[PDB]
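Trainee: Structure in structure tokens, see below.
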Amino acid sequence: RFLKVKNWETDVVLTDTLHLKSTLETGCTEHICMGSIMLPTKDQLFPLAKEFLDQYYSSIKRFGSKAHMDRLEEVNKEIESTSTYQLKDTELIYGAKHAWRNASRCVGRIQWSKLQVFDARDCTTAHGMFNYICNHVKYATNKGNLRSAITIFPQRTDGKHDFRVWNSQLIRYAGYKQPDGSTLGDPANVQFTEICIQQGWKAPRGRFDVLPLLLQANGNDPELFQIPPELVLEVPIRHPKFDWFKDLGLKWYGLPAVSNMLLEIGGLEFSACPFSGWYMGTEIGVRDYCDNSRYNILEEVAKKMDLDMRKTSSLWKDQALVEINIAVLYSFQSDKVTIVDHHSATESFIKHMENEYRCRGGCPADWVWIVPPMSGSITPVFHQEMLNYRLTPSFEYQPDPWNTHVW
Amino acid sequence: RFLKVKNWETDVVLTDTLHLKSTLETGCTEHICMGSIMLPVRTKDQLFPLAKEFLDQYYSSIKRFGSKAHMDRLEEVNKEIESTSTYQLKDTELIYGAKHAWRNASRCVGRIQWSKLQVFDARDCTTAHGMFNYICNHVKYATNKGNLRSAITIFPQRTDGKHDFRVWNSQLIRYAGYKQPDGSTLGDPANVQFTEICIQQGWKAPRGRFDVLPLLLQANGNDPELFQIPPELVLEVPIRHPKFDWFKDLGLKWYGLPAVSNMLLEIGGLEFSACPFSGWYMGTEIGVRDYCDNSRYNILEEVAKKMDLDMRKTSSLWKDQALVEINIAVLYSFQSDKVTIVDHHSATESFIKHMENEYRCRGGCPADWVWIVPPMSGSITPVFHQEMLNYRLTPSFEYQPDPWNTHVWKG
Ligand code: HEM
Ligand code: HEM
Ligand SMILES: CCCOc1ccc(-c2ccc3c(C)cc(N)nc3c2)cc1CN
Ligand SMILES: CCCOc1ccc(-c2ccc3c(C)cc(N)nc3c2)cc1CN
Ligand SMILES: C[C@H](O)[C@H](O)[C@H]1CNc2nc(N)[nH]c(=O)c2N1
Ligand SMILES: C[C@H](O)[C@H](O)[C@H]1CNc2nc(N)[nH]c(=O)c2N1
Ligand SMILES: [Zn+2]
């Protein structure tokens, strides 16, 4: 019950005791593993607060101290009357950093304690939200020297006043159904690009059209906002060997800033909390160019490489995928925009695992998601046994707003 | 209660009722997933339930559930247990069991072939020499001059755990691993331990880089014995590259027949501790793991040098780039010699078809995503985007401890 995990490349063994703090469920049972499934009141709220506040005050080495019990009774009394409660700034920051720290699917968590937290809990309007997001974006980009950030809009109250950023990421390209069959722009975002038009967006109908922001504050009909272009840093994609690679007319944006998840701290629910860091190369090149429901430039790259595309066993897809990913990293590094290759970041994660087992007794991890989408076996996380379990504070999934909004 | 999985690349959903037949425990709990853990003498007290269950399955498969042939067989196995404390499978039952063991192998991507398994009943074997002759015929039959045919050879079942039959090799054909004084390894680093046991048991090692290891065979719980597979029975393929003519000069070769020998076949409560089984290679098993894993032959950096790659920063992706070429050369060498091999794209596509077919005509197909996804180019194969349900069905192939850890040495 004090589980162990083994790295089979190095024989390192770590003993996991952190998992016995786990609260939520995984979806798995004694009889069935779901490790690869994508998505599984006043009386409930107070224990959730006690638990969070207990771990908060131990983290600062004041468990059982005067300040601890007073803060507990303070929160205790506010739940009684107000039915909820508000986090002190210090807890807000702790909670945001530990939701990233507990993000069992995130490979970049070695940076978790350097997060920049922007308290936007005083926001009241979509224009307000837009101001906060533009500030987040500018701070995060930092002229290419990217910095981790999260901006936290007001907590849920009764589900009727939800703050929601309707974009899945703050910065994403547009996707348009072409009359003939295929897709122009980016096929992931075709339905959202519809909604923006459905809401009043003048789509330029190019390939790399930065989508507008669709901001929803206090539960009202959301509003369209154009991010100032000078805040959207983009990297034109070129290959350090193949001159013809520029001709494909490819670029990506520098700032990955995920905006559709829900942040849960001490039982409180922050449905608007866009957070950002920086890209691993494969997130753009393997996934955001080469997945069959994405750009499928794989064929053109290999065509332009005059590779034998007549049978899968020439591995021409793999060979193109490598080149594309070499190009994505070359371009970002050439323009001094932060990016991490998948060898770099998996080795960091292993180091971070080491540190978590050493000074925390464990580290929840979702092997299925930590292993990069190419070259998995030659990265050091492949041979790393991991234990997956759900800790609080956390980032959670939430329904898309456009299935729920009382319009 | 029914369960659903979604393929996110195609939006195809499938409903699994077959997990309800699951009994063995996965290692996971409601609060902890052990989905990435490598590894998460039986009395008649609990053997007839296991027998009845298997026999219920078998007679369902032949649509004779509840027939007099079915009830009589139950009654026959019944008396044989209380009287002998074990029981014997009919040939039919043994063949069903071995096929369904493979069909239930949730980590195996090659299961589209599962019904075509050639089952060799070696349950009359009694000695190590007897085993050597059974294995030699397996190898010849399965190889078939490069037109590989999957087979399994099933040796006698465990009785009291003190008379086990064991193949001590992890595979029938593997290359020797030699640890040098200077700390380097000659041959296959994966086999250094087994090689030393062989040498200690009296094997005269050629001490080369691709020495086929001797068979180490154990019958009836006796001390294991060494035998050299005849070299004309070991089909090998020298590794060359279709564009690089310096690749042949790395002097690499690999053998054609993957044949796993260290696992335990469980059928209806009986344990078959020695049951080597073979099929044919997916290319990445040689190209990605057998050559490029940091703890294996690790010709990665030598291939990168001959390719004159930027080996300074990892972000030149030289490792990925050399990996692709090495897998290109493995597929090319095998196809050039008409030795059966499958690339990882072809095989993941087949498994998806297989998996979909299994959901429709069986109500489920247990599958270990961690293992099914290929160890390179994972996301550009259709299993990466495929949700999977993992559960243990019997008959099954199980792991078992290395015999040299548990053996009682006669002397
Ligand atoms: C700083 C560099 C970072 C890198 C390289 C990184 C990398 C990744 C990767 C590769 C994934 C896997 C999903 C996929 O590949 O499609 C992921 C998931 C995730 N990231 Fe990180 N990340 C970073 C920063 C952050 C930050 C700052 C946060 C929040 C404060 C965060 C929160 C998450 C969460 C919650 C998930 C999992 C979401 C889910 O369960 O669906 N990440 N990340
Ligand atoms: C004929 C073509 C076959 C192919 C291409 C194939 C491929 C694979 C691969 C790639 C793995 C992953 C293991 C690794 O990569 O380290 C695997 C696992 C496995 N294979 Fe298959 N296989 C084939 C036939 C068979 C046959 C005939 C059997 C037995 C009758 C079998 C039994 C298994 C089992 C039991 C596992 C799971 C290993 C475990 O649980 O540790 N396979 N297979
Ligand atoms: C629904 C299937 C996709 O799931 C995913 C997949 C990935 C991420 C994710 C989240 C944050 C990231 C940050 C901060 C930096 C970075 N470099 N990468 C990230 C990737 C979120 C989700 C949830 N939408
Ligand atoms: C705990 C270590 C897991 O390792 C492994 C790794 C691989 C296989 C395996 C087994 C059979 C195969 C056949 C018939 C064909 C083929 N092409 N590949 C196979 C690969 C088994 C095990 C379990 N002994
Ligand atoms: C079906 C499968 O579980 C799903 O596609 C997951 C698998 N692992 C992943 N891993 C990462 N890093 N990112 C992903 O989007 C996914 N997708
Ligand atoms: C830690 C991890 O579970 C382990 O290294 C597994 C992962 N998946 C694998 N998948 C395959 N096909 N072969 C393997 O050897 C492994 N190793
Ligand atoms: Zn699980």
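Order determines the names: the first chain of the structure tokens is A, the second B, and so forth; residues in each chain are numbered 1 upward, and ligands are numbered 1 upward as they are shown.
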Select the residues contacting ligand 3 at a distance of at most 8 Å, based on only C-alpha atoms and all ligand atoms, then format the selection as number ranges by chain.

Mentor: A: 38, 106, 108, 148, 168, 256-258, 260-261, 275-280, 283, 397

Trainee: Could you write those residues out with N, CA, C and O atoms, as an mmCIF file, in the first residue's frame?

Mentor:
```
data_model
loop_
_atom_site.group_PDB
_atom_site.id
_atom_site.type_symbol
_atom_site.label_atom_id
_atom_site.label_comp_id
_atom_site.auth_asym_id
_atom_site.auth_seq_id
_atom_site.Cartn_x
_atom_site.Cartn_y
_atom_site.Cartn_z
ATOM 1 N N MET A 38 -10.348 9.292 -22.763
ATOM 2 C CA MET A 38 -10.021 10.717 -22.769
ATOM 3 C C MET A 38 -10.617 11.434 -21.556
ATOM 4 O O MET A 38 -9.918 12.203 -20.885
ATOM 5 N N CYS A 106 0.562 16.594 -17.548
ATOM 6 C CA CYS A 106 1.405 17.667 -18.063
ATOM 7 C C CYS A 106 2.874 17.295 -17.908
ATOM 8 O O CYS A 106 3.324 16.961 -16.807
ATOM 9 N N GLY A 108 5.429 19.339 -18.456
ATOM 10 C CA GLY A 108 6.299 20.462 -18.168
ATOM 11 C C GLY A 108 6.316 20.897 -16.721
ATOM 12 O O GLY A 108 6.768 22.001 -16.406
ATOM 13 N N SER A 148 5.466 31.575 -17.800
ATOM 14 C CA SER A 148 4.235 30.882 -17.444
ATOM 15 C C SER A 148 3.268 31.828 -16.749
ATOM 16 O O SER A 148 3.668 32.638 -15.903
ATOM 17 N N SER A 168 -10.989 27.512 -26.796
ATOM 18 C CA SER A 168 -10.253 26.457 -26.096
ATOM 19 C C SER A 168 -8.843 26.915 -25.759
ATOM 20 O O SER A 168 -8.354 26.675 -24.647
ATOM 21 N N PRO A 256 1.042 29.000 -26.286
ATOM 22 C CA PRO A 256 -0.060 28.073 -26.003
ATOM 23 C C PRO A 256 -0.734 28.440 -24.696
ATOM 24 O O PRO A 256 -0.108 28.448 -23.632
ATOM 25 N N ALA A 257 -2.020 28.739 -24.752
ATOM 26 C CA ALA A 257 -2.679 29.346 -23.602
ATOM 27 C C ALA A 257 -4.058 28.715 -23.507
ATOM 28 O O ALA A 257 -4.992 29.154 -24.180
ATOM 29 N N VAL A 258 -4.171 27.683 -22.682
ATOM 30 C CA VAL A 258 -5.372 26.862 -22.664
ATOM 31 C C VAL A 258 -6.415 27.531 -21.788
ATOM 32 O O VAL A 258 -6.127 27.946 -20.660
ATOM 33 N N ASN A 260 -10.140 26.610 -21.609
ATOM 34 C CA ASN A 260 -11.446 26.001 -21.393
ATOM 35 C C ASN A 260 -11.503 25.077 -20.179
ATOM 36 O O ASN A 260 -12.500 24.374 -20.008
ATOM 37 N N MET A 261 -10.485 25.057 -19.330
ATOM 38 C CA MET A 261 -10.529 24.167 -18.180
ATOM 39 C C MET A 261 -11.024 24.919 -16.942
ATOM 40 O O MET A 261 -11.109 26.148 -16.916
ATOM 41 N N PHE A 275 -4.601 29.608 -18.862
ATOM 42 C CA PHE A 275 -3.213 29.462 -18.446
ATOM 43 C C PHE A 275 -2.330 29.090 -19.629
ATOM 44 O O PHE A 275 -2.765 28.445 -20.589
ATOM 45 N N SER A 276 -1.071 29.500 -19.538
ATOM 46 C CA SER A 276 -0.184 29.463 -20.679
ATOM 47 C C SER A 276 1.205 29.114 -20.192
ATOM 48 O O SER A 276 1.535 29.294 -19.019
ATOM 49 N N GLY A 277 2.005 28.569 -21.110
ATOM 50 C CA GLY A 277 3.400 28.314 -20.841
ATOM 51 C C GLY A 277 4.178 28.481 -22.129
ATOM 52 O O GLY A 277 4.246 29.587 -22.681
ATOM 53 N N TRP A 278 4.762 27.389 -22.623
ATOM 54 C CA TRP A 278 5.413 27.398 -23.923
ATOM 55 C C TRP A 278 5.358 25.994 -24.516
ATOM 56 O O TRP A 278 5.125 25.001 -23.819
ATOM 57 N N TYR A 279 5.573 25.936 -25.819
ATOM 58 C CA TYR A 279 5.307 24.733 -26.578
ATOM 59 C C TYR A 279 6.436 23.720 -26.442
ATOM 60 O O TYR A 279 7.618 24.068 -26.398
ATOM 61 N N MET A 280 6.057 22.446 -26.411
ATOM 62 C CA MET A 280 6.962 21.380 -26.823
ATOM 63 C C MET A 280 6.844 21.234 -28.337
ATOM 64 O O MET A 280 5.741 21.311 -28.891
ATOM 65 N N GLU A 283 4.003 19.284 -30.088
ATOM 66 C CA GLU A 283 2.616 19.732 -29.994
ATOM 67 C C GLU A 283 2.171 20.486 -31.228
ATOM 68 O O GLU A 283 0.971 20.558 -31.490
ATOM 69 N N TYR A 397 -11.766 19.317 -16.634
ATOM 70 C CA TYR A 397 -12.518 19.610 -17.839
ATOM 71 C C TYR A 397 -13.904 20.090 -17.463
ATOM 72 O O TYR A 397 -14.426 19.777 -16.391
#
```

Trainee: Can I get the residues close to ligand 7 as a list in words, where close means within 7 Å and we count only C-alpha atoms and all ligand atoms?

Mentor: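 Counting only C-alpha atoms and all ligand atoms, the residues within 7 Å of ligand 7 come out as residues 28, 32, 33, 34 and 35 of chain A; 28, 32, 33, 34 and 35 of chain B.
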
Trainee: Please, could you write that set of residues out with N, CA and C atoms as a PDB file, in the first residue's frame?

Mentor:
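To be explicit, this is the file written out as out03.pdb:
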```pdb
ATOM      1  N   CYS A  28     -10.893   3.995 -13.180  1.00  0.00           N
ATOM      2  CA  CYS A  28     -10.529   2.578 -13.169  1.00  0.00           C
ATOM      3  C   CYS A  28     -11.220   1.827 -12.035  1.00  0.00           C
ATOM      4  N   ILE A  32     -11.245  -3.309 -14.401  1.00  0.00           N
ATOM      5  CA  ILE A  32     -11.081  -2.662 -15.698  1.00  0.00           C
ATOM      6  C   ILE A  32     -10.233  -1.403 -15.556  1.00  0.00           C
ATOM      7  N   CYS A  33      -9.286  -1.243 -16.476  1.00  0.00           N
ATOM      8  CA  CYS A  33      -8.466  -0.045 -16.550  1.00  0.00           C
ATOM      9  C   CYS A  33      -8.975   0.836 -17.681  1.00  0.00           C
ATOM     10  N   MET A  34      -9.137   2.137 -17.381  1.00  0.00           N
ATOM     11  CA  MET A  34      -9.543   3.180 -18.322  1.00  0.00           C
ATOM     12  C   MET A  34      -8.420   4.170 -18.599  1.00  0.00           C
ATOM     13  N   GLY A  35      -7.179   3.791 -18.298  1.00  0.00           N
ATOM     14  CA  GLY A  35      -6.011   4.637 -18.474  1.00  0.00           C
ATOM     15  C   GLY A  35      -5.895   5.397 -19.781  1.00  0.00           C
TER      16      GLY A  35
ATOM     17  N   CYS B  28      -5.444  -1.902 -10.883  1.00  0.00           N
ATOM     18  CA  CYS B  28      -5.956  -0.563 -10.651  1.00  0.00           C
ATOM     19  C   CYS B  28      -7.010  -0.591  -9.558  1.00  0.00           C
ATOM     20  N   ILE B  32      -6.538   4.728  -7.912  1.00  0.00           N
ATOM     21  CA  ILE B  32      -5.184   4.680  -8.455  1.00  0.00           C
ATOM     22  C   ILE B  32      -5.181   3.836  -9.726  1.00  0.00           C
ATOM     23  N   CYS B  33      -4.576   4.375 -10.784  1.00  0.00           N
ATOM     24  CA  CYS B  33      -4.389   3.651 -12.038  1.00  0.00           C
ATOM     25  C   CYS B  33      -2.954   3.147 -12.117  1.00  0.00           C
ATOM     26  N   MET B  34      -2.804   1.844 -12.328  1.00  0.00           N
ATOM     27  CA  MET B  34      -1.503   1.224 -12.533  1.00  0.00           C
ATOM     28  C   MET B  34      -1.337   0.787 -13.979  1.00  0.00           C
ATOM     29  N   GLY B  35      -2.039   1.476 -14.881  1.00  0.00           N
ATOM     30  CA  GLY B  35      -2.015   1.182 -16.301  1.00  0.00           C
ATOM     31  C   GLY B  35      -0.647   1.216 -16.959  1.00  0.00           C
TER      32      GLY B  35
END
```

Trainee: Please, which residues of chain A lie no more than 7 Å from chain B when the count uses only C-alpha atoms, and can they be set out as a CSV table (one decimal) with C-alpha atoms, in the first residue's frame?

Mentor:
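So the final result, stored in result-v1.csv, reads:
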```
chain,number,residue,atom,x,y,z
A,9,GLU,CA,16.2,1.9,-18.5
A,22,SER,CA,-5.9,11.1,-3.3
A,24,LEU,CA,-11.3,12.0,-6.6
A,25,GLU,CA,-11.8,8.8,-8.7
A,26,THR,CA,-9.7,7.7,-11.7
A,27,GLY,CA,-12.4,5.9,-13.6
A,28,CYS,CA,-10.5,2.6,-13.2
A,29,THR,CA,-11.7,-0.4,-11.1
A,30,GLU,CA,-10.3,-3.7,-9.8
A,31,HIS,CA,-11.7,-5.3,-13.0
A,32,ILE,CA,-11.1,-2.7,-15.7
A,33,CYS,CA,-8.5,0.0,-16.6
A,34,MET,CA,-9.5,3.2,-18.3
A,35,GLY,CA,-6.0,4.6,-18.5
A,36,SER,CA,-6.6,5.6,-22.1
A,37,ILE,CA,-10.1,7.0,-21.9
A,291,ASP,CA,-2.7,14.3,-37.5
A,293,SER,CA,-7.8,15.5,-38.6
A,312,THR,CA,3.7,2.4,-45.8
A,313,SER,CA,6.8,0.3,-45.3
A,314,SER,CA,9.1,3.0,-46.8
A,315,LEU,CA,8.3,4.9,-43.5
A,318,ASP,CA,7.8,9.0,-40.2
A,319,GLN,CA,10.6,10.5,-42.3
A,322,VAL,CA,10.9,14.0,-38.3
A,326,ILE,CA,13.1,19.6,-37.0
A,329,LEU,CA,12.2,23.7,-33.6
A,341,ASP,CA,12.2,19.6,-27.8
A,343,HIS,CA,14.0,14.8,-25.6
A,367,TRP,CA,2.1,7.7,-19.0
A,368,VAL,CA,-0.3,7.7,-21.9
A,373,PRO,CA,3.6,11.4,-29.9
A,374,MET,CA,6.8,10.5,-31.7
A,375,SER,CA,10.0,8.5,-30.9
A,376,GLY,CA,8.5,7.5,-27.6
A,377,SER,CA,10.7,4.6,-26.8
A,378,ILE,CA,13.9,6.6,-27.1
A,385,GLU,CA,6.6,3.3,-14.7
A,386,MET,CA,4.1,6.0,-13.4
A,387,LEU,CA,1.2,6.0,-11.0
A,388,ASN,CA,-1.8,8.0,-11.9
A,389,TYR,CA,-4.1,9.5,-9.3
```

Trainee: Mind checking which residues fall within 9 Å of segment 134-139 of chain B, counting only C-alpha atoms, ignoring those fewer than 3 positions away in the same chain, and posting them as a VMD selection string?

Mentor: chain B and resid 120 122 125 129 to 131 142 to 144 151 to 153 172 229 to 230 233 to 234 257 259 276 to 278

Trainee: As an exercise, work out the distance from atom CA of residue 271 of chain A to atom CA of residue 136 of chain A in Å and give it to one decimal place.

Mentor: 16.9 Å

Trainee: Write out as a list in words each polymer residue (protein, DNA or RNA) that has an atom no more than 6 Å from ligand 2, with only C-alpha atoms and all ligand atoms counted.

Mentor: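 Using only C-alpha atoms and all ligand atoms, everything at most 6 Å from ligand 2 comes to residues 102, 105, 107, 108, 109, 110, 150, 277, 278, 279, 280, 281, 282, 285, 371 and 397 of chain B.
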
Trainee: So which residues touch residue 334 of chain A within 12 Å, counting only C-alpha atoms, skipping near sequence neighbours fewer than 6 positions away, as an mmCIF file with N, CA, C and O atoms, in the first residue's frame?

Mentor:
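Written output follows (selection22.cif):
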```cif
data_model
loop_
_atom_site.group_PDB
_atom_site.id
_atom_site.type_symbol
_atom_site.label_atom_id
_atom_site.label_comp_id
_atom_site.auth_asym_id
_atom_site.auth_seq_id
_atom_site.Cartn_x
_atom_site.Cartn_y
_atom_site.Cartn_z
ATOM 1 N N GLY A 144 9.013 36.921 -26.947
ATOM 2 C CA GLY A 144 9.570 35.634 -27.277
ATOM 3 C C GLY A 144 10.182 34.895 -26.110
ATOM 4 O O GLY A 144 10.358 33.669 -26.194
ATOM 5 N N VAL A 235 5.688 32.435 -35.522
ATOM 6 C CA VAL A 235 6.988 31.978 -36.018
ATOM 7 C C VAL A 235 6.834 31.403 -37.419
ATOM 8 O O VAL A 235 6.180 30.368 -37.587
ATOM 9 N N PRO A 236 7.429 32.015 -38.442
ATOM 10 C CA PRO A 236 7.367 31.429 -39.790
ATOM 11 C C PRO A 236 8.240 30.188 -39.866
ATOM 12 O O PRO A 236 9.400 30.208 -39.458
ATOM 13 N N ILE A 237 7.680 29.111 -40.404
ATOM 14 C CA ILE A 237 8.293 27.788 -40.311
ATOM 15 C C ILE A 237 9.170 27.543 -41.535
ATOM 16 O O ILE A 237 8.687 27.535 -42.676
ATOM 17 N N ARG A 238 10.466 27.334 -41.293
ATOM 18 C CA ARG A 238 11.437 27.064 -42.345
ATOM 19 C C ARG A 238 12.373 25.943 -41.898
ATOM 20 O O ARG A 238 12.535 25.680 -40.702
ATOM 21 N N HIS A 239 12.989 25.273 -42.877
ATOM 22 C CA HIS A 239 13.820 24.117 -42.567
ATOM 23 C C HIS A 239 15.290 24.455 -42.730
ATOM 24 O O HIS A 239 15.676 25.020 -43.758
ATOM 25 N N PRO A 240 16.145 24.089 -41.771
ATOM 26 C CA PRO A 240 17.561 24.484 -41.849
ATOM 27 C C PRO A 240 18.335 23.811 -42.970
ATOM 28 O O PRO A 240 19.494 24.178 -43.196
ATOM 29 N N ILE A 326 11.844 18.902 -36.988
ATOM 30 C CA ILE A 326 13.117 19.618 -37.020
ATOM 31 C C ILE A 326 12.891 21.076 -37.408
ATOM 32 O O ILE A 326 13.493 21.991 -36.830
ATOM 33 N N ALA A 327 11.998 21.306 -38.375
ATOM 34 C CA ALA A 327 11.729 22.642 -38.888
ATOM 35 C C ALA A 327 11.050 23.522 -37.846
ATOM 36 O O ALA A 327 11.423 24.687 -37.681
ATOM 37 N N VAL A 328 10.045 22.985 -37.145
ATOM 38 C CA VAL A 328 9.353 23.740 -36.106
ATOM 39 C C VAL A 328 10.338 24.212 -35.047
ATOM 40 O O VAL A 328 10.279 25.360 -34.587
#
```

Trainee: List as a list in words the protein and nucleic acid residues near segment 51-66 of chain A, meaning an atom at most 8 Å away when only C-alpha atoms are counted, but skip any in the same chain fewer than 2 places from it.

Mentor: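 Answer for this query is residues 47, 48, 49, 68, 69, 70, 72, 91, 94, 265, 266, 392 and 393 of chain A.
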
Trainee: Using DSSP assignments from the backbone, pull out every residue in segment 61-263 of chain A that falls under strand (DSSP E or B) and give it to me as a PyMOL selection string.

Mentor: chain A and resi 116-119+149-152+164-165+169+173+176-177+183-184+210+213-216+223-225+234-237+250-253+257-258+262-263
